[PDB]
């Protein structure tokens, strides 16, 4: 019964029902090669994003997946990444919890 919206503009992005426990947990704290730290929640599906660039396997936080940057398709806020090319699931999203706002449908 709860949806996650872009914190910057309010667009609906994903749903609590779509939380996915990748490696056992839906929440992963991660750091990128530039040493930036993010708190990522995994969701099976999303809507309202815009994925940019071609998929890349380098430094993927999730083994067996390629990633693309995900922006809010409405306002352009960087909300996380889409992952593809694996199995069970084939694809999923890692969204930056602090850039979403959770709320009632």
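Residue numbers count along the first chain shown, from 1.
- In this entry, 50 to 58 has the higher mean Cα B-factor, the comparison being between 50 to 58 and 75 to 83.
- Between 20 to 28 and 90 to 98, it is 20 to 28 that carries the larger average Cα temperature factor according to the deposited entry.
- Sorting the modelled residues of the chain by their CA temperature factor places residue 35 in the lowest third.
- In the deposited entry, the Cα temperature factor of residue 14 places it in the lowest third of its chain's modelled residues.
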